[PDB]
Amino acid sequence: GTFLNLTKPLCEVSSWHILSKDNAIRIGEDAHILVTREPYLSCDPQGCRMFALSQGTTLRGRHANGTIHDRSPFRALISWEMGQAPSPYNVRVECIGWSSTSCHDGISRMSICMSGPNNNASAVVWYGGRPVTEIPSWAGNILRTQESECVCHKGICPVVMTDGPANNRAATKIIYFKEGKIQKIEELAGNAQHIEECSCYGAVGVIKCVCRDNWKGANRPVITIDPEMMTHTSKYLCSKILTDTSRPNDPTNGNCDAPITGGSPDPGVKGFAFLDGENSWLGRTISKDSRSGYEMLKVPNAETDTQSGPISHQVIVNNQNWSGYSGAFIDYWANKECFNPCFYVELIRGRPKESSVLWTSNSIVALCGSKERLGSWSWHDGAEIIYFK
């Protein structure tokens, strides 16, 4: 192997084609499928894999009761072959904990998991399947990270982490790893007021992360990282098309510099966007209130134009179906002259929206860009909750 260099531009995207879907909830109604949440995908030179935080129980198992809870000693980052559903029999345990990120640098995979009590959590950083670095909480309030893949360039893999309140100012850092070893640590700079759950991708030597402001903004923070100089900037997505949930109705003008407040009742959801001038696509839930539906909106110059709106759209999950977290990944090792945007949507089933069952879990759908104008339909979870009752 050799270190991945982000030498290629982002592919042009006109629509989104289906990459994978695991149908985990449908299958797990009668097969041994682990309860999960916070899934993502990440690729390496050999192929792409699915990742998620296991809850340490199967879906039909009695221990699925109570899995709405986010943090327990029974969670772990698991990965598995793309397209299969996650079972106790087919998963690789990457690390133990309740918040994670992972990325392959071209040579080996780095995986990071936070675990422990709220006031004293710690991250363990793995590289090539072995633990190499440990990081104690710096602010004593749920040290946590991206919940989707990091990105590497010339051996350097930046990771965004937060420690502190979910509903007030917190302490976010960008940590630059090489072979899982810390090369540099930066405090968050820029205008983003609060950072959670960054979704990141790279092209032409730049890494861009689109995150979640859980404190104030319905517009999403955008962090731009130079992995060579190991420096960064942050701001908000300029477009009037707001993409967090909950959010108010889209205003006539967005704000690049400051959070746009409003929306009820959810303070936020992990999301993503691909920002490449005219070639810009924003994902968001269809509902402005709740994690239901999912749409992709092509919003030219969303990163700079406060009045930018959609010129095209594709429904990924219809608004009669539950969505959840969404994030970015790219197969940086594809046989293509450009890096092609991909994303996943977490399809959450169970609590709190479906409280007639005792559990919370999800399935996954993932799509990638196409230059063609492809037709579309809804890739919802597909399970009947009544079958679980």
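Residue positions are given as counts along the sequence shown, with the first one as 1.
Peer 1: Which wins on mean Cα temperature factor, 94 to 102 or 164 to 172?
Peer 2: So the stretch with the higher mean C-alpha B-factor is 164 to 172.
Peer 1: So, looking at the entry's B-factor column for Cα atoms, which has the higher mean, 39 to 47 or 338 to 346?
Peer 2: So the stretch with the higher mean C-alpha B-factor is 39 to 47.
Peer 1: According to the deposited entry, which of 251, 136, 83, 283 has the largest Cα B-factor?
Peer 2: Highest C-alpha B-factor among the listed options: 251.
Peer 1: Take the CA temperature factors straight from the PDB entry and tell me which of 289, 197, 149, 295 peaks.
Peer 2: Among 289, 197, 149, 295, the highest C-alpha B-factor in the entry belongs to 289.
Peer 1: Ordered by C-alpha B-factor within the chain, which third holds residue 380? Give me lowest, middle or highest, please.
Peer 2: Answer is lowest: the recorded C-alpha B-factor places it there.
Peer 1: Sorting by Cα B-factor within the chain, modelled residues only, which third would residue 231 end up in: lowest, middle or highest?
Peer 2: Tercile = highest for this residue's CA B-factor.
Peer 1: Could you look up the Cα B-factor of residue 60 in the entry and say which third of the chain it sits in: lowest, middle or highest?
Peer 2: Lowest third of the chain for residue 60's C-alpha B-factor.
Peer 1: Mind checking which third residue 17 falls in for C-alpha B-factor across the chain?
Peer 2: Answer is middle: the recorded C-alpha B-factor places it there.
Peer 1: Of the three thirds of its chain by CA temperature factor, lowest, middle or highest, which one includes residue 331?
Peer 2: Middle third of the chain for residue 331's C-alpha B-factor.
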